[PDB]
file query_39.cif (mmCIF, C-alpha atoms and all ligand atoms)
data_my_file
#
loop_
_atom_site.label_atom_id
_atom_site.label_comp_id
_atom_site.auth_asym_id
_atom_site.auth_seq_id
_atom_site.Cartn_x
_atom_site.Cartn_y
_atom_site.Cartn_z
CA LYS T 202 96.34 88.69 102.92
CA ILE T 203 98.30 88.89 106.17
CA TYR T 204 100.07 92.06 107.31
CA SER T 205 102.43 91.95 110.28
CA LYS T 206 104.36 94.38 112.46
CA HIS T 207 106.62 93.86 115.48
CA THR T 208 106.87 97.07 117.52
CA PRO T 209 108.74 96.84 120.85
CA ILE T 210 107.06 99.48 123.01
CA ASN T 211 108.12 100.59 126.49
CA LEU T 212 105.10 102.44 127.93
CA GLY T 213 102.86 99.37 128.00
CA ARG T 214 99.75 101.58 127.91
CA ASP T 215 97.75 98.92 126.02
CA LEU T 216 97.66 100.07 122.37
CA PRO T 217 100.26 102.85 122.04
CA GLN T 218 99.74 106.26 120.46
CA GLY T 219 101.53 106.58 117.14
CA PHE T 220 101.76 105.33 113.59
CA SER T 221 103.20 102.01 112.41
CA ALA T 222 102.52 100.69 108.92
CA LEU T 223 102.08 96.97 108.24
CA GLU T 224 103.74 95.22 105.30
CA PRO T 225 102.19 92.41 103.18
CA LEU T 226 104.56 89.59 104.05
CA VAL T 227 102.08 86.75 103.36
CA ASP T 228 99.50 86.33 100.60
CA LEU T 229 97.86 82.94 100.11
CA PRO T 230 95.63 81.78 97.21
CA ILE T 231 93.26 80.00 99.55
CA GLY T 232 89.97 80.73 97.76
CA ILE T 233 87.75 79.66 100.66
CA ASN T 234 84.85 81.11 102.66
CA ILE T 235 85.77 82.66 106.03
CA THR T 236 83.14 83.83 108.51
CA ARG T 237 84.33 82.76 111.99
CA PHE T 238 87.85 82.70 113.40
CA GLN T 239 89.46 81.49 116.63
CA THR T 240 92.90 81.68 118.21
CA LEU T 241 95.17 78.87 119.40
CA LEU T 242 96.89 78.38 122.76
CA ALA T 243 99.46 75.83 123.90
CA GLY P 548 109.35 102.45 77.54
CA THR P 549 112.32 104.56 76.51
CA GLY P 550 114.82 106.17 78.84
CA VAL P 551 118.06 105.91 80.79
CA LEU P 552 118.46 103.27 83.50
CA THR P 553 120.62 104.29 86.45
CA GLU P 554 121.68 102.69 89.71
CA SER P 555 119.47 104.16 92.42
CA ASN P 556 119.80 104.66 96.17
CA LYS P 557 116.03 104.35 96.62
CA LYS P 558 115.13 102.02 99.50
CA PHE P 559 112.49 99.64 98.21
CA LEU P 560 110.89 97.40 100.77
CA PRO P 561 111.44 93.74 99.78
CA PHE P 562 107.85 93.25 98.59
CA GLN P 563 107.82 96.33 96.33
CA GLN P 564 108.48 95.92 92.60
CA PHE P 565 107.76 99.35 91.08
CA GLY P 566 107.91 103.06 91.80
CA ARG P 567 105.76 105.73 90.17
CA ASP P 568 105.71 109.51 89.76
CA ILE P 569 102.95 112.02 90.50
CA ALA P 570 101.32 111.44 87.10
CA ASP P 571 101.30 107.64 87.62
CA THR P 572 104.33 107.19 85.37
CA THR P 573 106.90 104.64 86.48
CA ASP P 574 110.23 106.14 87.52
CA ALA P 575 111.80 103.12 89.24
CA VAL P 576 111.80 99.40 88.43
CA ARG P 577 113.19 96.20 89.92
CA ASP P 578 115.20 93.83 87.76
CA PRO P 579 113.41 90.45 87.55
CA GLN P 580 116.73 88.57 87.22
CA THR P 581 119.41 90.29 89.34
CA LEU P 582 116.96 91.99 91.76
CA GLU P 583 118.49 95.40 91.07
CA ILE P 584 116.81 98.77 91.63
CA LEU P 585 116.93 100.87 88.46
CA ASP P 586 115.84 104.49 88.23
CA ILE P 587 114.30 105.44 84.88
CA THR P 588 114.83 108.92 83.56
CA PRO P 589 113.60 110.34 80.24
CA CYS P 590 116.25 110.89 77.62
CA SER P 591 117.74 114.32 77.01
CA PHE P 592 115.26 116.79 75.53
CA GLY P 593 114.50 120.48 75.25
CA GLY P 594 112.83 123.31 73.37
CA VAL P 595 114.59 124.67 70.28
CA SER P 596 113.98 128.25 69.12
CA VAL P 597 115.31 129.99 66.01
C1 LIG W 601 80.02 82.11 102.84
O1 LIG W 601 79.06 81.48 103.71
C2 LIG W 601 77.98 82.34 104.14
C3 LIG W 601 77.14 81.52 105.09
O2 LIG W 601 77.61 81.63 106.43
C4 LIG W 601 77.20 82.82 102.93
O3 LIG W 601 76.16 83.70 103.34
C5 LIG W 601 78.12 83.52 101.93
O4 LIG W 601 77.39 83.80 100.74
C6 LIG W 601 79.32 82.63 101.58
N1 LIG W 601 80.22 83.28 100.63
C7 LIG W 601 80.97 84.40 100.79
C8 LIG W 601 80.92 85.10 102.12
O5 LIG W 601 81.68 84.83 99.88
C1 LIG W 602 117.99 83.34 87.00
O1 LIG W 602 119.05 84.30 86.96
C2 LIG W 602 119.58 84.66 88.25
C3 LIG W 602 120.62 85.73 88.01
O2 LIG W 602 121.63 85.28 87.12
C4 LIG W 602 120.14 83.42 88.94
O3 LIG W 602 120.59 83.77 90.24
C5 LIG W 602 119.08 82.34 89.03
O4 LIG W 602 119.64 81.14 89.56
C6 LIG W 602 118.49 82.05 87.64
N1 LIG W 602 117.43 81.06 87.73
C7 LIG W 602 117.46 79.91 87.05
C8 LIG W 602 116.28 79.00 87.26
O5 LIG W 602 118.38 79.61 86.30
#
call {"tool": "encode", "arguments": {"input": "query_39.cif", "output": "structure tokens"}}
result
Amino acid sequence: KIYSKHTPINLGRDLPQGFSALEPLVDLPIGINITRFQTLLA
Amino acid sequence: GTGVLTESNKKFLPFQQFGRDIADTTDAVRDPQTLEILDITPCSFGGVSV
């Protein structure tokens, strides 16, 4: 289950102070075992 | 169920399919075919005294 939110902030004070819910846009029937994750760069 | 279906101005998010009351009774549904938002109200009722 992946929840996403795009909030254009202006303060830039790292994580902002406030509330912003995230909506379940993606759900995948993957059925696998996940323990370690990494990110990808160009 | 049994009730009256009405066109509703409720703003469902695109992933939502239902809408419930305080007592966990459904008061809004989404049409599986035409993707319409239908409010469900109970039919007319009331106490009768003699
Ligand atoms: C997934 O793999 C780990 C080993 O790293 C194991 O302990 C676990 O039982 C497996 N299954 C899960 C997390 O559902
Ligand atoms: C099902 O009904 C909807 C509404 O009439 C229509 O848009 C859709 O194409 C239909 N699907 C199929 C597979 O016929």
call {"tool": "residues_near_ligand", "arguments": {"input": "query_39.cif", "ligand": "ligand LIG 601 (chain W)", "cutoff": "12 Å", "atoms": "all atoms listed in the file", "output": "JSON list (two decimals) with C-alpha atoms, in the coordinates of the input"}}
result
[["chain", "number", "residue", "atom", "x", "y", "z"],
["T", 232, "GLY", "CA", 89.97, 80.73, 97.76],
["T", 233, "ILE", "CA", 87.75, 79.66, 100.66],
["T", 234, "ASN", "CA", 84.85, 81.11, 102.66],
["T", 235, "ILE", "CA", 85.77, 82.66, 106.03],
["T", 236, "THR", "CA", 83.14, 83.83, 108.51],
["T", 237, "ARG", "CA", 84.33, 82.76, 111.99]]
call {"tool": "closest_atom_pairs", "arguments": {"input": "query_39.cif", "of": "chain P", "to": "ligand LIG 602 (chain W)", "cutoff": "12 Å", "atoms": "only C-alpha atoms and all ligand atoms", "output": "tab-separated table"}}
result
residue	atom	partner	partner_atom	distance
P:578	CA	W:LIG602	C3	9.7
P:579	CA	W:LIG602	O1	8.4
P:580	CA	W:LIG602	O1	4.9
P:581	CA	W:LIG602	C3	4.9
P:582	CA	W:LIG602	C3	8.2
P:583	CA	W:LIG602	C3	10.4
call {"tool": "atom_distance", "arguments": {"input": "query_39.cif", "atom1": "CA of residue 240 in chain T", "atom2": "CA of residue 203 in chain T"}}
result
15.0 Å
call {"tool": "atom_distance", "arguments": {"input": "query_39.cif", "atom1": "CA of residue 214 in chain T", "atom2": "CA of residue 202 in chain T"}}
result
28.3 Å
call {"tool": "interface_residues", "arguments": {"input": "query_39.cif", "of": "chain T", "to": "chain P", "cutoff": "10 Å", "atoms": "all atoms listed in the file", "output": "list in words"}}
result
residues 224, 225, 226 and 227 of chain T
call {"tool": "build_atoms", "arguments": {"input": "query_39.cif", "residues": "range 552-588 of chain P", "atoms": "N, CA and C atoms", "output": "PDB file, in the frame of the given file"}}
result
ATOM      1  N   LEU P 552     118.490 104.042  82.266  1.00  0.00           N
ATOM      2  CA  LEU P 552     118.460 103.270  83.500  1.00  0.00           C
ATOM      3  C   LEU P 552     119.713 103.570  84.306  1.00  0.00           C
ATOM      4  N   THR P 553     119.526 103.905  85.578  1.00  0.00           N
ATOM      5  CA  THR P 553     120.620 104.290  86.450  1.00  0.00           C
ATOM      6  C   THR P 553     120.525 103.528  87.762  1.00  0.00           C
ATOM      7  N   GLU P 554     121.678 103.258  88.368  1.00  0.00           N
ATOM      8  CA  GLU P 554     121.680 102.690  89.710  1.00  0.00           C
ATOM      9  C   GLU P 554     121.124 103.707  90.692  1.00  0.00           C
ATOM     10  N   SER P 555     120.202 103.265  91.539  1.00  0.00           N
ATOM     11  CA  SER P 555     119.470 104.160  92.420  1.00  0.00           C
ATOM     12  C   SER P 555     119.729 103.805  93.879  1.00  0.00           C
ATOM     13  N   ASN P 556     119.697 104.829  94.731  1.00  0.00           N
ATOM     14  CA  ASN P 556     119.800 104.660  96.170  1.00  0.00           C
ATOM     15  C   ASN P 556     118.426 104.632  96.840  1.00  0.00           C
ATOM     16  N   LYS P 557     117.363 104.471  96.056  1.00  0.00           N
ATOM     17  CA  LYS P 557     116.030 104.350  96.620  1.00  0.00           C
ATOM     18  C   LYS P 557     115.909 103.059  97.417  1.00  0.00           C
ATOM     19  N   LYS P 558     115.249 103.147  98.568  1.00  0.00           N
ATOM     20  CA  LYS P 558     115.130 102.020  99.500  1.00  0.00           C
ATOM     21  C   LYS P 558     113.772 101.365  99.297  1.00  0.00           C
ATOM     22  N   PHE P 559     113.693 100.445  98.339  1.00  0.00           N
ATOM     23  CA  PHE P 559     112.490  99.640  98.210  1.00  0.00           C
ATOM     24  C   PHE P 559     112.383  98.658  99.369  1.00  0.00           C
ATOM     25  N   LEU P 560     111.173  98.514  99.895  1.00  0.00           N
ATOM     26  CA  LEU P 560     110.890  97.400 100.770  1.00  0.00           C
ATOM     27  C   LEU P 560     110.900  96.107  99.951  1.00  0.00           C
ATOM     28  N   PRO P 561     111.224  94.969 100.572  1.00  0.00           N
ATOM     29  CA  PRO P 561     111.440  93.740  99.780  1.00  0.00           C
ATOM     30  C   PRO P 561     110.246  93.300  98.962  1.00  0.00           C
ATOM     31  N   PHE P 562     109.025  93.662  99.352  1.00  0.00           N
ATOM     32  CA  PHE P 562     107.850  93.250  98.590  1.00  0.00           C
ATOM     33  C   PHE P 562     107.540  94.173  97.419  1.00  0.00           C
ATOM     34  N   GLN P 563     108.137  95.361  97.369  1.00  0.00           N
ATOM     35  CA  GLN P 563     107.820  96.330  96.330  1.00  0.00           C
ATOM     36  C   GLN P 563     108.579  96.008  95.043  1.00  0.00           C
ATOM     37  N   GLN P 564     107.904  96.197  93.907  1.00  0.00           N
ATOM     38  CA  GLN P 564     108.480  95.920  92.600  1.00  0.00           C
ATOM     39  C   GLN P 564     108.558  97.124  91.677  1.00  0.00           C
ATOM     40  N   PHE P 565     107.822  98.197  91.956  1.00  0.00           N
ATOM     41  CA  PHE P 565     107.760  99.350  91.080  1.00  0.00           C
ATOM     42  C   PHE P 565     107.870 100.631  91.898  1.00  0.00           C
ATOM     43  N   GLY P 566     107.963 101.752  91.190  1.00  0.00           N
ATOM     44  CA  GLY P 566     107.910 103.060  91.800  1.00  0.00           C
ATOM     45  C   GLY P 566     107.467 104.091  90.785  1.00  0.00           C
ATOM     46  N   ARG P 567     106.440 104.868  91.120  1.00  0.00           N
ATOM     47  CA  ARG P 567     105.760 105.730  90.170  1.00  0.00           C
ATOM     48  C   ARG P 567     105.918 107.198  90.551  1.00  0.00           C
ATOM     49  N   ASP P 568     105.634 108.064  89.582  1.00  0.00           N
ATOM     50  CA  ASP P 568     105.710 109.510  89.760  1.00  0.00           C
ATOM     51  C   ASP P 568     104.347 110.058  90.168  1.00  0.00           C
ATOM     52  N   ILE P 569     104.218 111.387  90.147  1.00  0.00           N
ATOM     53  CA  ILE P 569     102.950 112.020  90.500  1.00  0.00           C
ATOM     54  C   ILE P 569     101.881 111.707  89.466  1.00  0.00           C
ATOM     55  N   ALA P 570     102.252 111.693  88.185  1.00  0.00           N
ATOM     56  CA  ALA P 570     101.320 111.440  87.100  1.00  0.00           C
ATOM     57  C   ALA P 570     101.155 109.955  86.799  1.00  0.00           C
ATOM     58  N   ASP P 571     101.424 109.090  87.779  1.00  0.00           N
ATOM     59  CA  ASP P 571     101.300 107.640  87.620  1.00  0.00           C
ATOM     60  C   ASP P 571     102.145 107.117  86.468  1.00  0.00           C
ATOM     61  N   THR P 572     103.330 107.692  86.302  1.00  0.00           N
ATOM     62  CA  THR P 572     104.330 107.190  85.370  1.00  0.00           C
ATOM     63  C   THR P 572     105.463 106.554  86.163  1.00  0.00           C
ATOM     64  N   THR P 573     105.882 105.365  85.741  1.00  0.00           N
ATOM     65  CA  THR P 573     106.900 104.640  86.480  1.00  0.00           C
ATOM     66  C   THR P 573     108.246 105.344  86.363  1.00  0.00           C
ATOM     67  N   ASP P 574     108.889 105.582  87.505  1.00  0.00           N
ATOM     68  CA  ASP P 574     110.230 106.140  87.520  1.00  0.00           C
ATOM     69  C   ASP P 574     111.251 105.225  88.175  1.00  0.00           C
ATOM     70  N   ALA P 575     110.838 104.075  88.702  1.00  0.00           N
ATOM     71  CA  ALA P 575     111.800 103.120  89.240  1.00  0.00           C
ATOM     72  C   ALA P 575     111.266 101.711  89.047  1.00  0.00           C
ATOM     73  N   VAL P 576     112.157 100.791  88.675  1.00  0.00           N
ATOM     74  CA  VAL P 576     111.800  99.400  88.430  1.00  0.00           C
ATOM     75  C   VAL P 576     112.767  98.497  89.183  1.00  0.00           C
ATOM     76  N   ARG P 577     112.373  97.234  89.307  1.00  0.00           N
ATOM     77  CA  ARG P 577     113.190  96.200  89.920  1.00  0.00           C
ATOM     78  C   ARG P 577     113.512  95.146  88.874  1.00  0.00           C
ATOM     79  N   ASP P 578     114.784  94.794  88.763  1.00  0.00           N
ATOM     80  CA  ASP P 578     115.200  93.830  87.760  1.00  0.00           C
ATOM     81  C   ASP P 578     114.671  92.441  88.116  1.00  0.00           C
ATOM     82  N   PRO P 579     113.938  91.779  87.218  1.00  0.00           N
ATOM     83  CA  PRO P 579     113.410  90.450  87.550  1.00  0.00           C
ATOM     84  C   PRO P 579     114.473  89.378  87.707  1.00  0.00           C
ATOM     85  N   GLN P 580     115.682  89.588  87.185  1.00  0.00           N
ATOM     86  CA  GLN P 580     116.730  88.570  87.220  1.00  0.00           C
ATOM     87  C   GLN P 580     117.729  88.815  88.351  1.00  0.00           C
ATOM     88  N   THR P 581     118.372  89.981  88.363  1.00  0.00           N
ATOM     89  CA  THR P 581     119.410  90.290  89.340  1.00  0.00           C
ATOM     90  C   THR P 581     118.887  91.062  90.545  1.00  0.00           C
ATOM     91  N   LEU P 582     117.579  91.321  90.615  1.00  0.00           N
ATOM     92  CA  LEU P 582     116.960  91.990  91.760  1.00  0.00           C
ATOM     93  C   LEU P 582     117.583  93.356  92.027  1.00  0.00           C
ATOM     94  N   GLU P 583     117.909  94.073  90.957  1.00  0.00           N
ATOM     95  CA  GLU P 583     118.490  95.400  91.070  1.00  0.00           C
ATOM     96  C   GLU P 583     117.407  96.469  91.026  1.00  0.00           C
ATOM     97  N   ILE P 584     117.713  97.619  91.618  1.00  0.00           N
ATOM     98  CA  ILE P 584     116.810  98.770  91.630  1.00  0.00           C
ATOM     99  C   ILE P 584     117.318  99.772  90.609  1.00  0.00           C
ATOM    100  N   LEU P 585     116.522 100.020  89.571  1.00  0.00           N
ATOM    101  CA  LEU P 585     116.930 100.870  88.460  1.00  0.00           C
ATOM    102  C   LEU P 585     116.005 102.070  88.365  1.00  0.00           C
ATOM    103  N   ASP P 586     116.577 103.265  88.480  1.00  0.00           N
ATOM    104  CA  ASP P 586     115.840 104.490  88.230  1.00  0.00           C
ATOM    105  C   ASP P 586     115.747 104.747  86.734  1.00  0.00           C
ATOM    106  N   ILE P 587     114.571 105.176  86.289  1.00  0.00           N
ATOM    107  CA  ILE P 587     114.300 105.440  84.880  1.00  0.00           C
ATOM    108  C   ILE P 587     114.153 106.938  84.704  1.00  0.00           C
ATOM    109  N   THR P 588     115.008 107.519  83.880  1.00  0.00           N
ATOM    110  CA  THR P 588     114.830 108.920  83.560  1.00  0.00           C
ATOM    111  C   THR P 588     114.553 109.091  82.071  1.00  0.00           C
TER     112      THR P 588
END
